[PDB]
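Structure file entry-v4.cif; described as mmCIF, C-alpha atoms and all ligand atoms.
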data_my_file
#
loop_
_atom_site.label_atom_id
_atom_site.label_comp_id
_atom_site.auth_asym_id
_atom_site.auth_seq_id
_atom_site.Cartn_x
_atom_site.Cartn_y
_atom_site.Cartn_z
CA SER A 1 -25.09 -15.00 7.97
CA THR A 2 -21.97 -16.22 9.74
CA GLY A 3 -18.96 -18.41 9.02
CA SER A 4 -16.55 -20.34 11.26
CA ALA A 5 -13.33 -22.04 10.11
CA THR A 6 -10.46 -23.71 11.90
CA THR A 7 -6.97 -22.36 11.27
CA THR A 8 -4.00 -24.69 11.66
CA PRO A 9 -0.31 -23.94 12.25
CA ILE A 10 1.82 -24.95 9.26
CA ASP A 11 4.73 -26.22 11.38
CA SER A 12 5.87 -26.88 14.92
CA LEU A 13 6.85 -23.24 15.51
CA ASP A 14 3.51 -21.69 14.56
CA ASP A 15 5.27 -19.87 11.68
CA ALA A 16 1.91 -19.26 9.98
CA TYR A 17 -1.65 -20.57 10.01
CA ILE A 18 -3.64 -22.02 7.12
CA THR A 19 -7.39 -22.09 6.72
CA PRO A 20 -9.31 -24.12 4.14
CA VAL A 21 -11.18 -22.01 1.56
CA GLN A 22 -13.64 -23.32 -1.05
CA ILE A 23 -13.29 -21.69 -4.48
CA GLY A 24 -15.42 -22.36 -7.51
CA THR A 25 -18.02 -24.87 -8.61
CA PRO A 26 -17.46 -27.75 -7.90
CA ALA A 27 -15.47 -26.53 -4.95
CA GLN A 28 -11.68 -26.45 -5.12
CA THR A 29 -10.34 -26.34 -1.54
CA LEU A 30 -7.12 -24.41 -1.07
CA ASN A 31 -5.36 -23.71 2.21
CA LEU A 32 -4.90 -19.98 2.47
CA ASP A 33 -2.99 -17.77 4.89
CA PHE A 34 -5.51 -15.29 6.28
CA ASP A 35 -3.69 -11.98 6.49
CA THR A 36 -5.12 -8.93 8.32
CA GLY A 37 -2.01 -7.05 7.03
CA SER A 38 -2.82 -7.20 3.30
CA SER A 39 -5.86 -7.03 1.05
CA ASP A 40 -5.39 -9.41 -1.91
CA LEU A 41 -6.93 -12.88 -2.17
CA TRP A 42 -4.44 -14.63 -4.43
CA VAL A 43 -3.85 -18.29 -5.17
CA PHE A 44 -1.47 -20.68 -6.77
CA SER A 45 -3.20 -21.65 -10.01
CA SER A 46 -3.06 -23.50 -13.29
CA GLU A 47 -1.55 -20.28 -14.65
CA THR A 48 1.39 -20.23 -12.24
CA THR A 49 4.79 -20.68 -13.95
CA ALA A 50 5.41 -24.40 -13.54
CA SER A 51 8.89 -24.05 -12.10
CA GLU A 52 7.47 -21.86 -9.34
CA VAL A 53 5.03 -24.47 -8.06
CA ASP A 54 6.36 -27.07 -5.62
CA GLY A 55 3.66 -29.03 -3.83
CA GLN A 56 0.94 -26.41 -3.49
CA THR A 57 -2.65 -27.10 -4.37
CA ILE A 58 -3.72 -25.01 -7.37
CA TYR A 59 -6.87 -23.31 -8.45
CA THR A 60 -7.93 -24.18 -12.01
CA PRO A 61 -10.49 -21.62 -13.18
CA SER A 62 -11.31 -23.61 -16.32
CA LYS A 63 -12.70 -26.39 -14.10
CA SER A 64 -15.06 -23.98 -12.33
CA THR A 65 -18.46 -23.40 -13.89
CA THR A 66 -18.84 -20.13 -11.91
CA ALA A 67 -15.40 -18.68 -12.75
CA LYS A 68 -15.36 -15.60 -15.01
CA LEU A 69 -12.26 -13.79 -16.23
CA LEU A 70 -12.22 -10.24 -14.89
CA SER A 71 -11.24 -8.87 -18.25
CA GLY A 72 -8.15 -6.69 -18.35
CA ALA A 73 -7.54 -6.84 -14.61
CA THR A 74 -4.04 -7.55 -13.28
CA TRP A 75 -2.46 -7.53 -9.86
CA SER A 76 1.02 -7.25 -8.39
CA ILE A 77 2.05 -7.23 -4.75
CA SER A 78 5.30 -6.79 -2.89
CA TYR A 79 5.49 -7.70 0.80
CA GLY A 80 7.52 -6.39 3.71
CA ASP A 81 9.91 -9.41 3.60
CA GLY A 82 10.70 -8.76 -0.07
CA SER A 83 8.48 -11.56 -1.36
CA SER A 84 6.05 -10.94 -4.22
CA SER A 85 3.47 -12.37 -6.59
CA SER A 86 1.46 -11.19 -9.61
CA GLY A 87 -1.06 -12.33 -12.15
CA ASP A 88 -4.54 -11.95 -13.59
CA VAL A 89 -8.00 -12.09 -12.01
CA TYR A 90 -11.16 -14.20 -12.04
CA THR A 91 -14.38 -13.71 -10.16
CA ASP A 92 -15.75 -16.83 -8.55
CA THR A 93 -17.72 -18.19 -5.60
CA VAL A 94 -15.63 -18.30 -2.39
CA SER A 95 -16.75 -19.90 0.88
CA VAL A 96 -15.07 -19.84 4.27
CA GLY A 97 -16.48 -21.95 7.08
CA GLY A 98 -19.96 -22.02 5.52
CA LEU A 99 -20.07 -18.29 4.61
CA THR A 100 -20.34 -17.75 0.83
CA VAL A 101 -19.42 -14.72 -1.29
CA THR A 102 -20.42 -14.76 -4.94
CA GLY A 103 -18.41 -12.62 -7.37
CA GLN A 104 -15.26 -12.57 -5.21
CA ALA A 105 -12.09 -11.45 -6.98
CA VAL A 106 -9.70 -14.43 -6.99
CA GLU A 107 -6.25 -13.27 -8.03
CA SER A 108 -4.60 -16.05 -10.00
CA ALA A 109 -0.77 -16.04 -9.75
CA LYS A 110 1.24 -16.23 -12.92
CA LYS A 111 4.44 -15.54 -10.94
CA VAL A 112 5.41 -16.06 -7.30
CA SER A 113 8.73 -15.36 -5.60
CA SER A 114 10.95 -18.05 -4.13
CA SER A 115 9.69 -17.84 -0.57
CA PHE A 116 6.16 -18.78 -1.75
CA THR A 117 7.42 -21.59 -3.96
CA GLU A 118 9.46 -23.01 -1.10
CA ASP A 119 6.49 -23.24 1.20
CA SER A 120 4.38 -26.13 0.00
CA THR A 121 1.81 -25.68 2.78
CA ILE A 122 0.52 -22.24 1.78
CA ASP A 123 -1.67 -22.26 -1.34
CA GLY A 124 -2.20 -18.48 -1.31
CA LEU A 125 -3.31 -15.50 0.76
CA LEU A 126 -6.70 -14.23 1.84
CA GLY A 127 -6.33 -10.53 2.72
CA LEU A 128 -8.34 -9.03 5.54
CA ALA A 129 -6.92 -5.50 5.73
CA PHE A 130 -8.92 -2.63 4.19
CA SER A 131 -9.84 -2.88 0.52
CA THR A 132 -8.04 0.43 -0.16
CA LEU A 133 -4.81 -1.64 -0.17
CA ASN A 134 -5.98 -4.12 -2.82
CA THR A 135 -3.63 -4.13 -5.78
CA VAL A 136 -5.96 -5.04 -8.67
CA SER A 137 -5.74 -2.63 -11.59
CA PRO A 138 -7.41 -0.83 -13.19
CA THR A 139 -10.48 -1.60 -11.01
CA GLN A 140 -9.58 -2.17 -7.36
CA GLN A 141 -11.36 -5.12 -5.75
CA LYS A 142 -12.91 -5.79 -2.39
CA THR A 143 -11.69 -8.25 0.18
CA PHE A 144 -13.71 -11.32 1.15
CA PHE A 145 -14.75 -9.61 4.41
CA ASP A 146 -15.83 -6.34 2.69
CA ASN A 147 -17.89 -8.35 0.22
CA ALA A 148 -19.49 -10.43 2.97
CA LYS A 149 -19.98 -7.65 5.52
CA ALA A 150 -23.45 -6.42 4.68
CA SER A 151 -24.77 -10.03 4.82
CA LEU A 152 -23.18 -10.85 8.16
CA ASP A 153 -25.18 -10.85 11.38
CA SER A 154 -22.60 -8.33 12.75
CA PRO A 155 -19.91 -6.59 10.64
CA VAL A 156 -17.02 -8.31 12.42
CA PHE A 157 -14.54 -11.13 12.22
CA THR A 158 -12.42 -12.61 15.01
CA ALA A 159 -9.01 -14.24 15.14
CA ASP A 160 -8.32 -16.84 17.83
CA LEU A 161 -4.93 -18.27 17.00
CA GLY A 162 -3.60 -21.26 18.91
CA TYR A 163 -0.26 -21.84 20.56
CA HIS A 164 1.06 -25.13 19.12
CA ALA A 165 -2.57 -25.88 18.28
CA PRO A 166 -5.36 -25.00 15.86
CA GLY A 167 -7.49 -21.95 16.35
CA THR A 168 -10.48 -20.29 14.76
CA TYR A 169 -11.53 -17.53 12.40
CA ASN A 170 -15.18 -16.49 12.88
CA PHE A 171 -17.13 -14.15 10.62
CA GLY A 172 -20.26 -12.24 11.69
CA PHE A 173 -20.38 -13.12 15.38
CA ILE A 174 -18.42 -12.97 18.64
CA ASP A 175 -18.12 -16.34 20.40
CA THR A 176 -18.47 -15.31 24.06
CA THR A 177 -17.22 -18.79 25.12
CA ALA A 178 -13.85 -18.30 23.43
CA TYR A 179 -12.34 -15.75 25.85
CA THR A 180 -12.17 -14.90 29.57
CA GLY A 181 -13.09 -11.62 31.15
CA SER A 182 -14.19 -8.77 28.90
CA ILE A 183 -13.16 -7.48 25.49
CA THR A 184 -11.33 -4.16 25.52
CA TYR A 185 -11.88 -2.15 22.31
CA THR A 186 -9.40 0.41 21.02
CA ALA A 187 -9.45 2.91 18.19
CA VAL A 188 -8.20 2.11 14.70
CA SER A 189 -6.74 4.35 12.04
CA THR A 190 -7.52 3.19 8.52
CA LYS A 191 -5.49 5.95 6.85
CA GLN A 192 -2.77 3.51 5.76
CA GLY A 193 -5.23 0.67 4.98
CA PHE A 194 -4.29 -1.46 7.99
CA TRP A 195 -5.81 -2.39 11.33
CA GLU A 196 -3.58 0.26 12.88
CA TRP A 197 -3.96 0.94 16.62
CA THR A 198 -2.00 2.26 19.62
CA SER A 199 -0.91 0.07 22.48
CA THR A 200 -0.70 1.81 25.84
CA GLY A 201 2.58 0.29 27.01
CA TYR A 202 4.47 -2.86 27.97
CA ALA A 203 6.04 -4.88 30.71
CA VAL A 204 8.82 -7.45 30.69
CA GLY A 205 8.27 -10.46 32.90
CA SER A 206 7.20 -9.45 36.38
CA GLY A 207 8.59 -5.95 35.90
CA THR A 208 6.69 -2.74 36.16
CA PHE A 209 4.44 -1.61 33.36
CA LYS A 210 5.77 1.23 31.25
CA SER A 211 3.08 3.55 30.01
CA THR A 212 4.00 4.60 26.48
CA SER A 213 2.07 4.81 23.20
CA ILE A 214 3.13 2.24 20.61
CA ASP A 215 1.40 2.52 17.22
CA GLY A 216 1.31 -0.66 15.17
CA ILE A 217 -0.73 -3.01 13.02
CA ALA A 218 -2.64 -6.14 14.03
CA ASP A 219 -1.16 -8.53 11.44
CA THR A 220 -2.02 -12.25 11.28
CA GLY A 221 0.24 -12.67 8.22
CA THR A 222 3.47 -11.96 10.15
CA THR A 223 4.88 -14.45 12.59
CA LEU A 224 6.72 -12.28 15.09
CA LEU A 225 6.21 -9.21 17.26
CA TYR A 226 8.18 -6.24 15.79
CA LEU A 227 8.52 -3.26 18.16
CA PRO A 228 10.74 -0.20 18.65
CA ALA A 229 14.37 -0.99 19.38
CA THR A 230 14.12 0.51 22.90
CA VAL A 231 11.32 -1.94 23.85
CA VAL A 232 13.03 -4.90 22.28
CA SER A 233 16.35 -4.18 24.00
CA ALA A 234 14.57 -3.92 27.37
CA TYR A 235 13.03 -7.38 26.76
CA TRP A 236 16.19 -9.22 25.71
CA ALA A 237 18.32 -7.58 28.43
CA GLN A 238 16.41 -9.85 30.84
CA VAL A 239 17.67 -13.00 29.10
CA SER A 240 21.25 -14.05 29.98
CA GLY A 241 23.35 -14.29 26.86
CA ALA A 242 20.84 -12.79 24.46
CA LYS A 243 22.19 -10.50 21.80
CA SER A 244 21.39 -8.92 18.47
CA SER A 245 23.25 -10.80 15.75
CA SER A 246 23.80 -8.87 12.51
CA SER A 247 24.71 -12.10 10.85
CA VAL A 248 21.45 -13.92 11.71
CA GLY A 249 19.29 -10.84 11.36
CA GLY A 250 18.04 -10.13 14.86
CA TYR A 251 18.02 -11.16 18.47
CA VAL A 252 19.15 -14.66 19.37
CA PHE A 253 19.38 -16.26 22.78
CA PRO A 254 20.81 -19.42 24.30
CA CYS A 255 18.51 -22.37 23.73
CA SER A 256 19.10 -23.23 27.42
CA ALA A 257 17.26 -20.09 28.54
CA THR A 258 13.80 -19.82 30.08
CA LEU A 259 12.22 -16.71 28.59
CA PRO A 260 10.25 -14.06 30.48
CA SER A 261 6.73 -13.12 29.47
CA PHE A 262 5.95 -9.88 27.62
CA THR A 263 2.85 -7.80 28.43
CA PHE A 264 1.30 -5.26 26.10
CA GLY A 265 -1.41 -2.74 26.96
CA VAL A 266 -4.79 -2.35 25.33
CA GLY A 267 -6.35 0.70 26.93
CA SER A 268 -6.25 -0.06 30.69
CA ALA A 269 -6.23 -3.82 30.00
CA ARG A 270 -3.21 -6.04 29.59
CA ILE A 271 -2.40 -9.02 27.33
CA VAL A 272 0.29 -11.38 28.57
CA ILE A 273 2.43 -13.26 26.04
CA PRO A 274 3.98 -16.23 27.88
CA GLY A 275 7.76 -16.65 27.54
CA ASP A 276 7.40 -19.91 25.66
CA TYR A 277 5.56 -18.12 22.84
CA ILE A 278 8.72 -16.07 22.18
CA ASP A 279 10.97 -19.09 21.45
CA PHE A 280 11.39 -19.76 17.73
CA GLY A 281 13.94 -22.51 18.07
CA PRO A 282 17.44 -23.07 16.79
CA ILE A 283 18.69 -20.64 14.15
CA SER A 284 19.88 -23.64 12.17
CA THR A 285 19.28 -27.30 12.76
CA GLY A 286 21.13 -28.46 15.87
CA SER A 287 22.36 -25.01 16.90
CA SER A 288 22.33 -23.98 20.51
CA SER A 289 21.46 -20.37 19.50
CA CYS A 290 17.72 -19.84 19.30
CA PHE A 291 15.77 -17.17 17.37
CA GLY A 292 13.77 -14.64 19.34
CA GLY A 293 10.10 -13.96 18.73
CA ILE A 294 10.28 -10.25 19.64
CA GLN A 295 12.39 -8.29 17.15
CA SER A 296 13.06 -4.69 16.26
CA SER A 297 10.82 -2.96 13.77
CA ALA A 298 13.53 -0.42 12.95
CA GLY A 299 13.78 -0.17 9.22
CA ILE A 300 10.42 -1.82 8.58
CA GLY A 301 8.83 1.57 9.13
CA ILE A 302 5.91 0.21 11.14
CA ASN A 303 5.49 -1.78 14.32
CA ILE A 304 3.79 -5.14 13.79
CA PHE A 305 1.65 -7.04 16.28
CA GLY A 306 2.09 -10.39 14.51
CA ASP A 307 1.08 -13.88 15.53
CA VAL A 308 3.29 -13.98 18.64
CA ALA A 309 1.17 -11.21 20.11
CA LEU A 310 -2.21 -12.01 18.59
CA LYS A 311 -2.20 -15.67 19.61
CA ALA A 312 -2.11 -14.59 23.25
CA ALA A 313 -5.54 -12.96 22.77
CA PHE A 314 -9.00 -13.31 21.33
CA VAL A 315 -9.01 -10.49 18.75
CA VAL A 316 -12.06 -8.77 17.32
CA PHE A 317 -11.72 -6.95 13.98
CA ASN A 318 -14.77 -4.68 14.08
CA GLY A 319 -15.68 -3.46 10.61
CA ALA A 320 -18.49 -1.15 11.74
CA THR A 321 -18.81 2.26 10.15
CA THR A 322 -15.99 3.41 12.44
CA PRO A 323 -13.77 0.33 12.71
CA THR A 324 -12.20 -0.68 16.03
CA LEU A 325 -10.13 -3.56 17.40
CA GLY A 326 -10.93 -5.63 20.50
CA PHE A 327 -8.67 -7.74 22.63
CA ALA A 328 -9.56 -10.25 25.35
CA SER A 329 -7.46 -12.71 27.32
CA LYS A 330 -8.28 -16.39 26.82
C1 LIG B 401 8.43 -21.00 7.74
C2 LIG B 401 8.09 -20.04 6.61
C3 LIG B 401 7.17 -20.66 5.56
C4 LIG B 401 7.52 -18.74 7.14
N1 LIG B 401 8.15 -17.71 7.60
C5 LIG B 401 7.29 -16.69 7.96
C6 LIG B 401 7.79 -15.39 8.50
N2 LIG B 401 7.79 -14.32 7.50
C7 LIG B 401 8.58 -14.52 6.29
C8 LIG B 401 7.13 -13.13 7.83
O1 LIG B 401 6.57 -12.94 8.90
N3 LIG B 401 7.26 -12.12 6.89
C9 LIG B 401 6.62 -10.82 7.19
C10 LIG B 401 5.92 -10.40 5.88
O2 LIG B 401 6.47 -9.82 4.94
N4 LIG B 401 4.60 -10.77 5.82
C11 LIG B 401 3.83 -10.45 4.61
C12 LIG B 401 3.97 -11.53 3.51
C13 LIG B 401 3.76 -12.98 3.91
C14 LIG B 401 2.53 -13.60 3.64
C15 LIG B 401 2.30 -14.94 3.97
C16 LIG B 401 3.31 -15.66 4.57
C17 LIG B 401 4.54 -15.08 4.87
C18 LIG B 401 4.75 -13.74 4.53
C19 LIG B 401 2.38 -10.24 5.07
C20 LIG B 401 2.21 -9.14 6.12
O3 LIG B 401 0.84 -9.02 6.52
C21 LIG B 401 2.76 -7.76 5.68
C22 LIG B 401 2.82 -6.75 6.87
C23 LIG B 401 3.50 -5.46 6.51
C24 LIG B 401 2.75 -4.32 6.16
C25 LIG B 401 3.41 -3.13 5.81
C26 LIG B 401 4.80 -3.06 5.83
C27 LIG B 401 5.55 -4.18 6.18
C28 LIG B 401 4.91 -5.39 6.52
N5 LIG B 401 1.90 -7.20 4.59
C29 LIG B 401 2.53 -6.59 3.54
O4 LIG B 401 3.72 -6.58 3.26
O5 LIG B 401 1.61 -5.94 2.78
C30 LIG B 401 2.23 -4.97 1.89
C31 LIG B 401 1.31 -4.49 0.85
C32 LIG B 401 1.61 -4.10 -0.45
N6 LIG B 401 0.53 -3.69 -1.22
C33 LIG B 401 -0.59 -3.76 -0.52
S1 LIG B 401 -0.37 -4.33 1.08
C34 LIG B 401 7.67 -9.73 7.52
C35 LIG B 401 6.97 -8.40 7.81
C36 LIG B 401 8.47 -10.18 8.76
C37 LIG B 401 5.96 -17.00 7.79
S2 LIG B 401 5.82 -18.57 7.15
#

What does this structure look like when you write it as structure tokens?
Ligand SMILES: CC(C)c1nc(CN(C)C(=O)N[C@H](C(=O)N[C@@H](Cc2ccccc2)C[C@H](O)[C@H](Cc2ccccc2)NC(=O)OCc2cncs2)C(C)C)cs1
Amino acid sequence: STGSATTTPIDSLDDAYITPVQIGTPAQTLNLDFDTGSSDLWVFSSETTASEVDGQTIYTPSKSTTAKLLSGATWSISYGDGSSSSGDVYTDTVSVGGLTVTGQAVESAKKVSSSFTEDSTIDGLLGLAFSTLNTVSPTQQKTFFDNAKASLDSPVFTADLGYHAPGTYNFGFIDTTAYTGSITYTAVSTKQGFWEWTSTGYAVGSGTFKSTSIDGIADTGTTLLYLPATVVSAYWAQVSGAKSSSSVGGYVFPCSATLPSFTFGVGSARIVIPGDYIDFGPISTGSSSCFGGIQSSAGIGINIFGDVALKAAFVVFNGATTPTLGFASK
């Protein structure tokens, strides 16, 4: 089997991407944020505290003839930005782009933090990291991909995120028409539960490539590219007037600037992030100070290849016995 679904930016900055997911019988379609940096499939639901729901579409398990309470199971997750959610669990039929998993754990939120409430476009998360990070207790649950894998034509999924445009998530096959050149594969460590890999270096603009190992995670659920402070300083030093603002919480630059590209290495191959991808717009409405899309990871404790990086590539998440990651230009 295979599945193929379009993923759509939630706003004009590509802050996140949402993908329609069918849950239950008859189907309830929710728009989920596919996240290769976490491993819980959780949704806004009929159980979510009413004051914490503001415009999202909800899952109502009582309206699904295939929903079954997963008795005694609870979940609770805390994310890198301080956001969180928690609740109870149902198993139900879940389909993505024509690929169906029966018996998928659907984590129903009873509570969500303010950042989720305030985003009416995201109806929940679909985690695509390793199932060892799933938070359901006392019986840990598998991700949608892990449950589907043995049925897929190939044990893979791909992320092809668009710049100011929709993209695609494919399950079980590699669309050889979706990229240029060849795919370069690189080793993954699963020891922390993430798609954790090592970039071989970077370049800023037309500058020389610096060979240096940069460990980090391929993370579709984070908007920006978070790298060591050394790398980030070398980038922004090429932009007149850019500076790190403690008040704003990172690097800002004059909205009048034209930004240089940023290249990262994948083995001997190179992925080029165009300058325009690094512009996240005014820090507040009407400001002439713009927010940078490359920021320091210091204090996060991990480097994060978020959407700014991934959307410059066709990315293969290879869930073979020894997982690997592939990157191609497109
Ligand atoms: C316009 C508005 C709606 C939006 N702003 C954003 C930008 N934001 C907030 C982020 O990128 N926030 C990032 C974040 O926490 N992302 C998260 C939550 C999230 C989900 C959906 C939408 C938005 C956020 C999702 C990410 O995959 C992070 C990556 C990570 C991993 C380890 C350590 C630190 C970080 N995953 C986790 O935090 O997983 C932690 C886990 C805990 N237990 C099991 S896994 C930070 C790391 C920067 C997106 S949409």

request  = Take atom CA of residue A:154 and atom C22 of ligand LIG 401 (chain B) and report the distance between them in Å, one decimal.
outcome  = 26.1 Å

Using all atoms listed in the file, what table do you get, as a tab-separated table, when you list each residue of chain A with an atom no more than 9 Å from ligand LIG 401 (chain B), its nearest pair of atoms, and their distance in Å rounded to one decimal, rows by chain then rising number?
residue	atom	partner	partner_atom	distance
A:10	CA	B:LIG401	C3	7.8
A:11	CA	B:LIG401	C1	7.4
A:13	CA	B:LIG401	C1	8.2
A:14	CA	B:LIG401	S2	8.4
A:15	CA	B:LIG401	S2	4.7
A:16	CA	B:LIG401	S2	4.9
A:17	CA	B:LIG401	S2	8.2
A:32	CA	B:LIG401	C15	8.9
A:33	CA	B:LIG401	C15	6.1
A:34	CA	B:LIG401	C15	8.2
A:35	CA	B:LIG401	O3	5.4
A:36	CA	B:LIG401	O3	6.2
A:37	CA	B:LIG401	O3	3.5
A:38	CA	B:LIG401	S1	4.4
A:39	CA	B:LIG401	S1	6.1
A:40	CA	B:LIG401	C33	7.5
A:76	CA	B:LIG401	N6	8.0
A:77	CA	B:LIG401	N6	5.2
A:78	CA	B:LIG401	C32	5.2
A:79	CA	B:LIG401	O4	3.2
A:80	CA	B:LIG401	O2	3.8
A:81	CA	B:LIG401	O2	3.7
A:82	CA	B:LIG401	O2	6.6
A:83	CA	B:LIG401	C12	6.6
A:84	CA	B:LIG401	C12	8.0
A:115	CA	B:LIG401	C3	7.2
A:116	CA	B:LIG401	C16	7.6
A:118	CA	B:LIG401	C3	7.4
A:119	CA	B:LIG401	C3	5.1
A:120	CA	B:LIG401	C3	8.3
A:121	CA	B:LIG401	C3	7.9
A:122	CA	B:LIG401	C16	7.7
A:124	CA	B:LIG401	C15	7.8
A:125	CA	B:LIG401	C15	6.5
A:127	CA	B:LIG401	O3	8.3
A:129	CA	B:LIG401	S1	8.1
A:132	CA	B:LIG401	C33	8.6
A:133	CA	B:LIG401	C33	4.7
A:134	CA	B:LIG401	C33	5.9
A:135	CA	B:LIG401	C33	6.1
A:193	CA	B:LIG401	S1	8.0
A:194	CA	B:LIG401	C24	7.8
A:217	CA	B:LIG401	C24	7.8
A:218	CA	B:LIG401	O3	8.8
A:219	CA	B:LIG401	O3	5.3
A:220	CA	B:LIG401	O3	6.4
A:221	CA	B:LIG401	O3	4.1
A:222	CA	B:LIG401	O1	3.5
A:223	CA	B:LIG401	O1	4.3
A:224	CA	B:LIG401	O1	6.2
A:225	CA	B:LIG401	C36	8.8
A:226	CA	B:LIG401	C36	8.1
A:297	CA	B:LIG401	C35	8.9
A:300	CA	B:LIG401	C27	5.9
A:301	CA	B:LIG401	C26	7.0
A:302	CA	B:LIG401	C26	6.3
A:303	CA	B:LIG401	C27	8.5
A:304	CA	B:LIG401	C22	7.2
A:306	CA	B:LIG401	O1	7.6
A:307	CA	B:LIG401	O1	8.7

task = Write out as a list in words the residues lying within 8 Å of residue A:277, counting only C-alpha atoms and excluding same-chain residues fewer than 4 positions away.
result =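 Skipping anything fewer than 4 positions along the chain leaves residues 163, 273, 293 and 308 of chain A.
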
Long-range neighbours of residue A:49 as a list in words, 10 Å cut-off, all atoms listed in the file, 5 positions minimum in chain =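 Once the nearby chain positions are removed, what remains is residues 44, 109, 110, 111 and 112 of chain A.
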
Export of the given selection (C-alpha atoms) as an mmCIF file, in the coordinates of the input:
data_model
loop_
_atom_site.group_PDB
_atom_site.id
_atom_site.type_symbol
_atom_site.label_atom_id
_atom_site.label_comp_id
_atom_site.auth_asym_id
_atom_site.auth_seq_id
_atom_site.Cartn_x
_atom_site.Cartn_y
_atom_site.Cartn_z
ATOM 1 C CA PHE A 44 -1.470 -20.680 -6.770
ATOM 2 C CA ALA A 109 -0.770 -16.040 -9.750
ATOM 3 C CA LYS A 110 1.240 -16.230 -12.920
ATOM 4 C CA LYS A 111 4.440 -15.540 -10.940
ATOM 5 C CA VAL A 112 5.410 -16.060 -7.300
#

task = Write out as a list in words the residues lying within 6 Å of residue A:326, counting all atoms listed in the file and excluding same-chain residues fewer than 6 positions away.
result =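 Close residues of residue A:326: residues 183, 184, 185, 315 and 316 of chain A.
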
query = In Å, with one decimal, what is the gap from atom CA of residue A:88 to atom CA of residue A:51?
reply =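 Separation of atom CA of residue A:88 and atom CA of residue A:51: 18.1 Å.
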
Within 10 Å of (-7.1, -13.7, -7.1) (file coordinates; only C-alpha atoms), which protein or nucleic acid residues are there? I'd like them as a short mmCIF file (atom, residue, chain, number, x, y, z; two decimals) with C-alpha atoms, in the coordinates of the input.
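So the final result, stored in result_21.cif, reads:
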data_model
loop_
_atom_site.label_atom_id
_atom_site.label_comp_id
_atom_site.auth_asym_id
_atom_site.auth_seq_id
_atom_site.Cartn_x
_atom_site.Cartn_y
_atom_site.Cartn_z
CA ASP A 40 -5.39 -9.41 -1.91
CA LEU A 41 -6.93 -12.88 -2.17
CA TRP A 42 -4.44 -14.63 -4.43
CA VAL A 43 -3.85 -18.29 -5.17
CA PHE A 44 -1.47 -20.68 -6.77
CA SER A 45 -3.20 -21.65 -10.01
CA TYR A 59 -6.87 -23.31 -8.45
CA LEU A 70 -12.22 -10.24 -14.89
CA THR A 74 -4.04 -7.55 -13.28
CA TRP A 75 -2.46 -7.53 -9.86
CA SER A 86 1.46 -11.19 -9.61
CA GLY A 87 -1.06 -12.33 -12.15
CA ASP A 88 -4.54 -11.95 -13.59
CA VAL A 89 -8.00 -12.09 -12.01
CA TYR A 90 -11.16 -14.20 -12.04
CA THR A 91 -14.38 -13.71 -10.16
CA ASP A 92 -15.75 -16.83 -8.55
CA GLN A 104 -15.26 -12.57 -5.21
CA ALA A 105 -12.09 -11.45 -6.98
CA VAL A 106 -9.70 -14.43 -6.99
CA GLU A 107 -6.25 -13.27 -8.03
CA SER A 108 -4.60 -16.05 -10.00
CA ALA A 109 -0.77 -16.04 -9.75
CA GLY A 124 -2.20 -18.48 -1.31
CA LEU A 125 -3.31 -15.50 0.76
CA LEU A 126 -6.70 -14.23 1.84
CA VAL A 136 -5.96 -5.04 -8.67
CA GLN A 141 -11.36 -5.12 -5.75
#

inquiry  = Set the distance at 10 Å and use all atoms listed in the file: which residues neighbour stretch 206-210 of chain A once local chain neighbours fewer than 6 positions away are removed? I'd like the list as a list in words.
reply    = residues 200, 231, 260, 261, 262, 263, 264, 265 and 270 of chain A

May I have the residues from that selection written out with C-alpha atoms, as a PDB file, in the frame of the given file?
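Result saved to out.pdb:
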ATOM      1  CA  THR A 200      -0.700   1.810  25.840  1.00  0.00           C
ATOM      2  CA  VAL A 231      11.320  -1.940  23.850  1.00  0.00           C
ATOM      3  CA  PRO A 260      10.250 -14.060  30.480  1.00  0.00           C
ATOM      4  CA  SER A 261       6.730 -13.120  29.470  1.00  0.00           C
ATOM      5  CA  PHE A 262       5.950  -9.880  27.620  1.00  0.00           C
ATOM      6  CA  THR A 263       2.850  -7.800  28.430  1.00  0.00           C
ATOM      7  CA  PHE A 264       1.300  -5.260  26.100  1.00  0.00           C
ATOM      8  CA  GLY A 265      -1.410  -2.740  26.960  1.00  0.00           C
ATOM      9  CA  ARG A 270      -3.210  -6.040  29.590  1.00  0.00           C
TER      10      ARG A 270
END

ask   = Which polymer residues have any atom within 12 Å of an atom of residue A:287, counting only C-alpha atoms, with same-chain residues fewer than 2 positions away left out, as number ranges by chain?
value = A: 252-256, 281-285, 289-291

Now that the selection is made, can you save its residues with C-alpha atoms as a PDB file, in the frame of the given file?
ATOM      1  CA  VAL A 252      19.150 -14.660  19.370  1.00  0.00           C
ATOM      2  CA  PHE A 253      19.380 -16.260  22.780  1.00  0.00           C
ATOM      3  CA  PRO A 254      20.810 -19.420  24.300  1.00  0.00           C
ATOM      4  CA  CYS A 255      18.510 -22.370  23.730  1.00  0.00           C
ATOM      5  CA  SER A 256      19.100 -23.230  27.420  1.00  0.00           C
ATOM      6  CA  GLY A 281      13.940 -22.510  18.070  1.00  0.00           C
ATOM      7  CA  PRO A 282      17.440 -23.070  16.790  1.00  0.00           C
ATOM      8  CA  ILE A 283      18.690 -20.640  14.150  1.00  0.00           C
ATOM      9  CA  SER A 284      19.880 -23.640  12.170  1.00  0.00           C
ATOM     10  CA  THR A 285      19.280 -27.300  12.760  1.00  0.00           C
ATOM     11  CA  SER A 289      21.460 -20.370  19.500  1.00  0.00           C
ATOM     12  CA  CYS A 290      17.720 -19.840  19.300  1.00  0.00           C
ATOM     13  CA  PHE A 291      15.770 -17.170  17.370  1.00  0.00           C
TER      14      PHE A 291
END
